[PDB]
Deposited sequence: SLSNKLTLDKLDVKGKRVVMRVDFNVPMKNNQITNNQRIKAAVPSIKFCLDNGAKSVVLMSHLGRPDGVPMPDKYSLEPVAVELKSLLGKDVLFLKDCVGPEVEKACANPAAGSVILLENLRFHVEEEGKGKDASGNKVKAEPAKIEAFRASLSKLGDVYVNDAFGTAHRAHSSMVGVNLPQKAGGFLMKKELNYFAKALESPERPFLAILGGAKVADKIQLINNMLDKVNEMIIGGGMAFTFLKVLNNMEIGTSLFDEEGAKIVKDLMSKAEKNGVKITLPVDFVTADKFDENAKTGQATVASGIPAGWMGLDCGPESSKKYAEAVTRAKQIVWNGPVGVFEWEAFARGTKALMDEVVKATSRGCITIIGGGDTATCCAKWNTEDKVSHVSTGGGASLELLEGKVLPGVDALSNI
């Protein structure tokens, strides 16, 4: 961020600060299961308050409510509560993020006020889909809530969304988490140790299958696991995949991706076996399948099996650097957690013999919390897809929109 305004050089004395953060935290049974992303923004928030900010107004999304208000399902109210304990200051929660009531609450706050707005994605204008005039009005409203803007939302920095690129204030500064994460990746990606392995799992298949093409110019090996794998296996192996995650658009480029991996000498490791489930539920009935057997109709693959874990281990053993985004099964539910635990064991072992190991994402970092490995890998990032877009070699939109020096 040498060329961008950052918080260390932003005068906040007597100023209202409006701050985009990534508070898209994981939830199970309605409880926050990892406060990593909240804790990670505390240094920027505290700095603002300690250097005389009149207020700090925090804004984020939670999940993918697709431009409809879903307070019953995706409210940020629980985050406000958690932020209090981590900050040592109280926080006022507002039930919207724009409009006359929100504008009034933020216009002239008591000295030192911390305010958290409701989920930005309850409005279609944040993503811009789910209207140019209402997008402008949404952005205008957000801009009234502070005098200066800070973006500390590293985990969302790949998204060219209204709160991330559309705030119109004279000073738009990168926060300290933004700086910490970008600095770590800049050093780690400049001259990676080789072989350099990417591990791509998870459930955001439509988005992340589109990142593979450019990642194939940067890495020497790739594990394609979790929900990502089934689109590949259906196309390449004619495998029956049941109700497993499948991306129609990505299927159309699978053969081209494999051709490119061959051209570039990138070894691709796909799974060969699975733990199956009869529905998407923690207490589903379960089974086993191989690529050869296929997955029965009406069943979904929610973990890899033991022969897949062996092949993943072989790739980890060859690696001198690893970037991992996306668990290799539904690790939140014990029936489907074994493959991700086994891979974590291998990645921790690799670190101990000198591998540079980077795990990132809202959910994947929660694997580190669950199995107590946060200090047993080289770097745990608050960015998942944001970190993969860095690996591709891009300038992230939320960084690009910051004020130039």
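Visitor: Take the full deposited sequence, match it to the modelled residues, and report the stretches without C-alphas.
Guide: Absent from the structure are positions 1, 132-141.
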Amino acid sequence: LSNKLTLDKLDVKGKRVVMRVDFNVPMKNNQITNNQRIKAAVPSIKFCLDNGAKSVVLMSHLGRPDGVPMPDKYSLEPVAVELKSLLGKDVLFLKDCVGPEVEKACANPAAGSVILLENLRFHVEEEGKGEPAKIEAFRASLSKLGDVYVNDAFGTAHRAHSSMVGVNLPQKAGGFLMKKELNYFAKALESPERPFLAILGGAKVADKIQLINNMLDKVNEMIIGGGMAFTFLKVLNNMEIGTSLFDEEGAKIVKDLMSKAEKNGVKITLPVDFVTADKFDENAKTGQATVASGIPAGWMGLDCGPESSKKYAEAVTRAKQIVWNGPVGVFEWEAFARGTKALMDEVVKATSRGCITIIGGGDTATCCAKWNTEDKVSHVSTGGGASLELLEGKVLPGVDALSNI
From here on, numbers count along this sequence of modelled residues.
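We call the rigid core whatever largest set of C-alpha positions still superposes within 1.5 Å between the two forms.
Visitor: C-alpha RMS from this form in 5 other deposited structures of this protein, rigid core superposed: larger for 351-359 or 66-74?
Guide: Evaluated in 5 other deposited structures of this protein, the stretch farther from the shown form is 351-359.
Visitor: Aligning on the core, I want to see which stretch wanders more in 5 other deposited structures of this protein. Is it 215-223 or 131-139 by C-alpha RMS?
Guide: Stretch with the higher C-alpha RMS distance in 5 other deposited structures of this protein: 215-223.
Visitor: Quick check: 99-107 versus 156-164, which has the larger average CA B-factor in the record?
Guide: Comparing averages over the C-alpha atoms only gives 99-107.
Visitor: Higher average CA B factor in the deposited record is what I'm after, so tell me if that's 114-122 or 79-87.
Guide: Result of the comparison: 79-87.
Visitor: Name the one of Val219, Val323, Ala261, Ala140 with the greatest CA B-factor according to the PDB entry.
Guide: Comparing C-alpha B-factors across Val219, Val323, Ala261, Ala140, the maximum falls on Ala140.
Visitor: Could you say which of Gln31, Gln36, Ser44, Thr357 has its CA atom at the highest B factor, as listed in the PDB entry?
Guide: Each of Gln31, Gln36, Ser44, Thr357 was compared by C-alpha B-factor; the highest is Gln31.
Visitor: Ranking the modelled residues of this chain by C-alpha B-factor as given in the entry, is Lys341 in the lowest, middle or highest third?
Guide: It belongs to the middle third of the chain when residues are ordered by C-alpha B-factor.
Visitor: Check where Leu92 lands among this chain's C-alpha B-factors and tell me if it's the lowest, middle or highest third.
Guide: Its C-alpha B-factor, which the entry lists for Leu92, ranks in the highest third among residues of this chain.
Visitor: Which third of the chain does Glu332 land in by C-alpha B-factor: lowest, middle or highest?
Guide: Lowest third.
Visitor: According to the PDB entry, is the CA B factor of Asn283 in the bottom, middle or top third of its chain, that is, lowest, middle or highest?
Guide: Highest third, going by the recorded CA B-factors of the chain.
Visitor: Ranking every modelled residue in this chain by its Cα temperature factor as given in the entry, which third contains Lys172?
Guide: Within its chain, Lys172 is a middle-third residue by C-alpha B-factor, going by the deposited values.
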